[PDB]
Amino acid sequence: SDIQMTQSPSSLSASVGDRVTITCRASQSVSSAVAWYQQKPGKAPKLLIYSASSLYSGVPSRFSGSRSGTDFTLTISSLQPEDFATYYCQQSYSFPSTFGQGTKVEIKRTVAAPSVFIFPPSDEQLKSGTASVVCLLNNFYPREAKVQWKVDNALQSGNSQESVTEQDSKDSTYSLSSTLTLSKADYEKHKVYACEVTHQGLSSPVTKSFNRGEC
Amino acid sequence: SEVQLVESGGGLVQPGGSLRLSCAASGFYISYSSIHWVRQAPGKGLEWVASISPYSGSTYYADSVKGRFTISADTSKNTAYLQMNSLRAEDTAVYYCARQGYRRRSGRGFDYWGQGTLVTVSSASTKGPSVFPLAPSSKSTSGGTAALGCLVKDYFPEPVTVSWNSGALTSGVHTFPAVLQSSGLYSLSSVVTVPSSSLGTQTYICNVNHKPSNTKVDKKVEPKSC
RNA sequence: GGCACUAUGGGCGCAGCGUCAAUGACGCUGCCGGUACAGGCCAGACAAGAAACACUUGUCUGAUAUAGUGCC
C-alpha cells in the first residue's frame, strides 16, 4: 500500500508572534524520512526541515521539526510576517513518495461581515442564449462562507461556481464571487433569483434577490 | 548559492498527446544526486511524480502516471527529462524537477527546485472572451459605495488581463481567479467598488485583454436606474 | 508476531528435470546420503562511498538459525 500523508489544520489563521504547530500523520511507519516545505503563491517550494527534525541549512531557528511515531508536527515558535504561506510534509521513506495536502497560514484579524451585491444577467449576454447571475461578497473575514442560490425559493445545486481572492494585502480580507449559470430558457421560466449569504459576522443569513424584469 | 535548475518545454497539448519537459542543471554535477519531478495542479497541492537515482538509473513512478511517463537523465548534458505520454485533462499542472540533496547534508530532502513549467492539456480551442457588464445599481449599493464590474466569459486559454479605465483605476478592484467550465473554457468576473455618488459623475470601462486570441475589449459599464 | 512443543540433505546435497511462477518455491526421481575441518561461496542485516534500489567495500546473523504444530 502507498503511505498516506494527511495534514491538520488544512488552513490556520494566526497573527505575527503566534506559536503555530502544523501536524501530519503517516499511514504506516515512515521512521524519520519526513521533509517540510514552505511554498508562497506563484513561487516554488523551499525546504525547511529534513529528517523530520533536522533544521535545513540557512532556515531560521523559529522553525523546528518534531516526531512521535507517525506524528510529525512542524512548529514555528514565533510567527513572523514572511511566514504566511503554505506548508508541506513529505515522506521519503519509500517510493512512491507522498506529500500532505497542505496547511495554508492566513492573517488573523477582527471579524468583518461581507457586503453582499447581486447582479442580474446583461441584456447582451441574454441575447447570446445564456444567463449568468453573479453574487459578490466583499471584504470579509474569515474565509468560511455559504453561498446558496434560490430560484423561486428552490435551493440550487450544480449550477453555480465560486471564486475567492487571496487575503488582501491592506485589510487582510477576502472577496468571493459565485456565478449562477442558466440557459436563457431556464431563466425566463422563473421570476425570483436570490443569493443567500451565511457568515460568522452576520447575525443571520442575509439574502440579495431580484425579479426578472425589474426596473 | 550557485545551484540552479531550469525546467523548459511545457505547453498546451491535446488529450492523448505527448510533451517532453527538460530540467537543466548548473552549479553541480547531476550524476551523484537523485532528481525528481513534482507537479502541482492549478490551485491544488504538490504531487510527487517521478525520480531517478544516482549511479543506478533506478527510476520510480507514482501510480497516477505509471506506464505513461518516462523519467530519464542525460549526464553529458547535465539534464534530466520527463517524457509524458497519453496525456489527460488531469495532467494539467505546473511541473517542478527537484534535486534531492546530498545524503549527509540534507537527508532525502529536496534542497533545490526549478521555477516550474506550465503543462495545460485540453481539447479546447483558443477562443477570445465575451465581456458582459455587471451593471451597477440598487441591489449593488451598500451606502456610500457601489459595486460594479465585468464578466469575462468563455475564453481559452488562460490568462486574460483586466484593467479599469486603461489602468487609471486600480484601488478597490478585485479580479477573480478563473474557473474552468465543464465546456473546457475558463470564465471570470472582475468587480470594482466606487463611491455611490460617482455613478452619475464618473464613467467606468473594463479593459479585457486576452493575448492568445489576440483580442482587446473595452466594455463601458453603465448603471441601471429606476 | 510472540510463546511453547516437536522435528532438523551444508546458510550454498545436485545430475537435475520439470511445474507454479516471473522467480523463489513445488514435485520428482537418481546417486551420494558416514563423520568432522574446510576453502570457497550465497543470502539476509547493517555501515560507508557524492549512495532509498542497484553497485563497490567493510563487519555481522546464517541451531541465537530453520521448520511443523499448539496457543493468544
# chains A, B, ... in the order shown; residues from 1 in each chain; ligands from 1
call {"tool": "interface_residues", "arguments": {"of": "chain A", "to": "chain B", "cutoff": "8 Å", "atoms": "only C-alpha atoms", "output": "NGL selection string"}}
result
:A and (33-35 or 43-47 or 49-51 or 56 or 92 or 95-99 or 101-102 or 115-122 or 124-125 or 161-165 or 175-177 or 208-210 or 215)
call {"tool": "select_by_dssp", "arguments": {"residues": "range 27-212 of chain B", "states": "strand (DSSP E)", "output": "VMD selection string"}}
result
chain B and resid 35 to 40 46 to 52 59 to 61 70 to 74 79 to 84 93 to 100 110 to 113 117 to 121 130 to 134 141 to 142 145 to 155 161 to 164 173 to 175 179 to 180 186 to 195 204 to 210
call {"tool": "residues_around", "arguments": {"residues": "residue 51 in chain C", "least_positions_apart": "4", "cutoff": "8 Å", "atoms": "only C-alpha atoms (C1' of nucleotides)", "output": "MDAnalysis selection string"}}
result
chainID B and resid 54:55 103
call {"tool": "write_last_selection", "arguments": {"atoms": "N, CA and C atoms", "output": "PDB file, in the first residue's frame"}}
result
ATOM      1  N   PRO B  54      20.933   8.168  -8.286  1.00  0.00           N
ATOM      2  CA  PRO B  54      22.309   8.296  -8.757  1.00  0.00           C
ATOM      3  C   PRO B  54      22.929   6.943  -9.001  1.00  0.00           C
ATOM      4  N   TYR B  55      23.791   6.900 -10.005  1.00  0.00           N
ATOM      5  CA  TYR B  55      24.679   5.780 -10.304  1.00  0.00           C
ATOM      6  C   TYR B  55      23.953   4.526 -10.779  1.00  0.00           C
ATOM      7  N   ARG B 103      23.265  13.237   0.907  1.00  0.00           N
ATOM      8  CA  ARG B 103      22.701  12.445   1.996  1.00  0.00           C
ATOM      9  C   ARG B 103      23.144  12.971   3.369  1.00  0.00           C
TER      10      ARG B 103
END
call {"tool": "select_by_dssp", "arguments": {"residues": "range 56-192 of chain A", "states": "alpha helix (DSSP H)", "output": "list in words"}}
result
residues 123, 124, 125, 126, 127, 128, 184, 185, 186, 187 and 188 of chain A
call {"tool": "residues_around", "arguments": {"residues": "residue 103 in chain A", "least_positions_apart": "6", "cutoff": "9 Å", "atoms": "only C-alpha atoms (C1' of nucleotides)", "output": "PyMOL selection string"}}
result
chain A and resi 7-12+22+85-88
call {"tool": "closest_residue", "arguments": {"among": "A:71, A:196, A:123, A:2", "to": "residue 178 in chain A", "atoms": "only C-alpha atoms"}}
result
A:196
call {"tool": "closest_atom_pairs", "arguments": {"of": "chain C", "to": "chain B", "cutoff": "8 Å", "atoms": "only C-alpha atoms (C1' of nucleotides)", "output": "tab-separated table"}}
result
residue	atom	partner	partner_atom	distance
C:50	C1'	B:32	CA	5.2
C:51	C1'	B:54	CA	7.2
C:53	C1'	B:58	CA	6.5
C:54	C1'	B:56	CA	5.6
C:55	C1'	B:56	CA	7.6
call {"tool": "write_last_selection", "arguments": {"atoms": "C-alpha atoms (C1' of nucleotides)", "output": "PDB file, in the first residue's frame"}}
result
ATOM      1  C1'   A C  50      28.724  12.454  -3.893  1.00  0.00           C
ATOM      2  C1'   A C  51      24.920   6.226  -2.424  1.00  0.00           C
ATOM      3  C1'   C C  53      17.206   0.477  -5.180  1.00  0.00           C
ATOM      4  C1'   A C  54      21.285  -1.304  -7.715  1.00  0.00           C
ATOM      5  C1'   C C  55      26.672  -1.317  -7.133  1.00  0.00           C
TER       6        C C  55
END
call {"tool": "residues_around", "arguments": {"residues": "residue 74 in chain A", "least_positions_apart": "4", "cutoff": "10 Å", "atoms": "only C-alpha atoms (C1' of nucleotides)", "output": "VMD selection string"}}
result
chain A and resid 20 to 24 35 to 37 48 to 49 52 to 53 63 to 67 87 to 89
call {"tool": "write_last_selection", "arguments": {"atoms": "N, CA, C and O atoms", "output": "PDB file, in the first residue's frame"}}
result
ATOM      1  N   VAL A  20       2.752  28.430  16.319  1.00  0.00           N
ATOM      2  CA  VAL A  20       1.980  27.714  15.318  1.00  0.00           C
ATOM      3  C   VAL A  20       2.537  26.301  15.208  1.00  0.00           C
ATOM      4  O   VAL A  20       3.756  26.128  15.101  1.00  0.00           O
ATOM      5  N   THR A  21       1.665  25.288  15.244  1.00  0.00           N
ATOM      6  CA  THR A  21       2.102  23.901  15.058  1.00  0.00           C
ATOM      7  C   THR A  21       1.206  23.221  14.032  1.00  0.00           C
ATOM      8  O   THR A  21      -0.010  23.116  14.229  1.00  0.00           O
ATOM      9  N   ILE A  22       1.807  22.750  12.948  1.00  0.00           N
ATOM     10  CA  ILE A  22       1.091  22.042  11.897  1.00  0.00           C
ATOM     11  C   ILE A  22       1.359  20.563  12.070  1.00  0.00           C
ATOM     12  O   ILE A  22       2.517  20.146  12.106  1.00  0.00           O
ATOM     13  N   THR A  23       0.311  19.755  12.098  1.00  0.00           N
ATOM     14  CA  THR A  23       0.519  18.337  12.327  1.00  0.00           C
ATOM     15  C   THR A  23       0.241  17.523  11.059  1.00  0.00           C
ATOM     16  O   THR A  23      -0.488  17.955  10.154  1.00  0.00           O
ATOM     17  N   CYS A  24       0.919  16.375  10.974  1.00  0.00           N
ATOM     18  CA  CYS A  24       0.891  15.494   9.815  1.00  0.00           C
ATOM     19  C   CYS A  24       1.195  14.070  10.245  1.00  0.00           C
ATOM     20  O   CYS A  24       2.200  13.846  10.922  1.00  0.00           O
ATOM     21  N   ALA A  35      10.145  15.411   5.264  1.00  0.00           N
ATOM     22  CA  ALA A  35      10.629  16.716   4.849  1.00  0.00           C
ATOM     23  C   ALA A  35       9.501  17.729   4.955  1.00  0.00           C
ATOM     24  O   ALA A  35       8.348  17.415   4.636  1.00  0.00           O
ATOM     25  N   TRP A  36       9.845  18.962   5.339  1.00  0.00           N
ATOM     26  CA  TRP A  36       8.904  20.078   5.350  1.00  0.00           C
ATOM     27  C   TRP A  36       9.278  21.135   4.316  1.00  0.00           C
ATOM     28  O   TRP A  36      10.433  21.263   3.907  1.00  0.00           O
ATOM     29  N   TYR A  37       8.252  21.821   3.822  1.00  0.00           N
ATOM     30  CA  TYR A  37       8.394  22.884   2.841  1.00  0.00           C
ATOM     31  C   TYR A  37       7.510  24.076   3.172  1.00  0.00           C
ATOM     32  O   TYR A  37       6.468  23.967   3.832  1.00  0.00           O
ATOM     33  N   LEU A  48      12.410  23.409   4.531  1.00  0.00           N
ATOM     34  CA  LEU A  48      12.571  23.871   5.897  1.00  0.00           C
ATOM     35  C   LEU A  48      13.203  22.810   6.781  1.00  0.00           C
ATOM     36  O   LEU A  48      14.244  23.060   7.393  1.00  0.00           O
ATOM     37  N   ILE A  49      12.630  21.610   6.829  1.00  0.00           N
ATOM     38  CA  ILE A  49      13.080  20.558   7.733  1.00  0.00           C
ATOM     39  C   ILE A  49      13.289  19.286   6.920  1.00  0.00           C
ATOM     40  O   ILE A  49      12.472  18.951   6.057  1.00  0.00           O
ATOM     41  N   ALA A  52      12.918  14.981   9.451  1.00  0.00           N
ATOM     42  CA  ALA A  52      11.762  15.144  10.315  1.00  0.00           C
ATOM     43  C   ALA A  52      12.083  16.046  11.492  1.00  0.00           C
ATOM     44  O   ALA A  52      11.166  16.575  12.138  1.00  0.00           O
ATOM     45  N   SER A  53      13.374  16.247  11.759  1.00  0.00           N
ATOM     46  CA  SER A  53      13.764  17.154  12.828  1.00  0.00           C
ATOM     47  C   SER A  53      15.069  17.881  12.540  1.00  0.00           C
ATOM     48  O   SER A  53      15.577  18.571  13.439  1.00  0.00           O
ATOM     49  N   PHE A  63      11.691  27.852  13.140  1.00  0.00           N
ATOM     50  CA  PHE A  63      11.171  26.613  12.587  1.00  0.00           C
ATOM     51  C   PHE A  63      11.834  25.439  13.286  1.00  0.00           C
ATOM     52  O   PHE A  63      13.033  25.473  13.583  1.00  0.00           O
ATOM     53  N   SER A  64      11.044  24.410  13.571  1.00  0.00           N
ATOM     54  CA  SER A  64      11.591  23.194  14.144  1.00  0.00           C
ATOM     55  C   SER A  64      10.686  22.039  13.764  1.00  0.00           C
ATOM     56  O   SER A  64       9.499  22.223  13.489  1.00  0.00           O
ATOM     57  N   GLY A  65      11.265  20.851  13.740  1.00  0.00           N
ATOM     58  CA  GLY A  65      10.523  19.678  13.344  1.00  0.00           C
ATOM     59  C   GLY A  65      10.421  18.757  14.530  1.00  0.00           C
ATOM     60  O   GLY A  65      11.174  18.915  15.500  1.00  0.00           O
ATOM     61  N   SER A  66       9.460  17.842  14.507  1.00  0.00           N
ATOM     62  CA  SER A  66       9.266  17.031  15.694  1.00  0.00           C
ATOM     63  C   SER A  66       8.523  15.764  15.303  1.00  0.00           C
ATOM     64  O   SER A  66       7.744  15.765  14.346  1.00  0.00           O
ATOM     65  N   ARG A  67       8.823  14.667  16.006  1.00  0.00           N
ATOM     66  CA  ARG A  67       8.253  13.374  15.654  1.00  0.00           C
ATOM     67  C   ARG A  67       7.778  12.618  16.888  1.00  0.00           C
ATOM     68  O   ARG A  67       8.412  12.668  17.950  1.00  0.00           O
ATOM     69  N   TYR A  87       2.324  25.173   3.813  1.00  0.00           N
ATOM     70  CA  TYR A  87       3.340  24.253   4.329  1.00  0.00           C
ATOM     71  C   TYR A  87       3.063  22.815   3.951  1.00  0.00           C
ATOM     72  O   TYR A  87       1.912  22.389   3.825  1.00  0.00           O
ATOM     73  N   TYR A  88       4.138  22.074   3.779  1.00  0.00           N
ATOM     74  CA  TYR A  88       4.016  20.706   3.331  1.00  0.00           C
ATOM     75  C   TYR A  88       4.857  19.767   4.179  1.00  0.00           C
ATOM     76  O   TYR A  88       5.984  20.099   4.535  1.00  0.00           O
ATOM     77  N   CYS A  89       4.284  18.616   4.543  1.00  0.00           N
ATOM     78  CA  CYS A  89       5.056  17.444   4.928  1.00  0.00           C
ATOM     79  C   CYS A  89       5.178  16.513   3.718  1.00  0.00           C
ATOM     80  O   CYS A  89       4.344  16.503   2.800  1.00  0.00           O
TER      81      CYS A  89
END
